[PDB]
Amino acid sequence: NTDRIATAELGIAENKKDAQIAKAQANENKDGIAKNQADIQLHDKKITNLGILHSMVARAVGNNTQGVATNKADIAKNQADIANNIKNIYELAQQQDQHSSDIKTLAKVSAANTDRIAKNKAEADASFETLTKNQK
C-alpha cells in the first residue's frame, strides 16, 4: 500500500534527525561534564591546600597567644619589682639626707672642740706664766 509507505518514509526521516539531535546534545553534554569534573579536581587540590595552610597558621597563632600571655606576666613582675626598687631608692635618699645632716652637726661640734681646746690651753699657759713669774 503506497499511501502507507509514503507516510512511513517521512516518519523515518523525522526519526533520523531526532536521534541525531539527541546524539549531538549528549556529545556536547559529555564534554561539559568532563570540564566540570576537571574544575572540581583543581578545586579539590585548592581546598585541601587551604586546610593545610589553616592548620599551619593555627599552630603559629597558638604559639603567639601563649607568648603574649607569658610576656604579659613577665612584664607585670618586672613592673612590680621596679616599683619596689623605686621605694627602696627613695628610702635610701631619705637616710642619705639624714646622714648629711648628722655629719654636718658633728663637723660643727668637733670644730668647736678643737677651737676650745686651743683657747683653753692658751689661757692656762698665760696663767701659769704669771704665777711662775710671781713665785720667782
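Note that residue numbering begins at 1 and tracks the sequence as displayed.
- Once the C-alpha B-factors are averaged per stretch, 38 to 46 and 69 to 77 rank with 69 to 77 first.
- As listed in the deposited structure, the average C-alpha B-factor of 93 to 101 and of 28 to 36 is greater for 93 to 101.
- Among the modelled residues of the chain, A58 sits in the highest third by CA temperature factor in this PDB entry.
- Remark: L106 belongs to the highest third of its chain, ranked by C-alpha B-factor as recorded.
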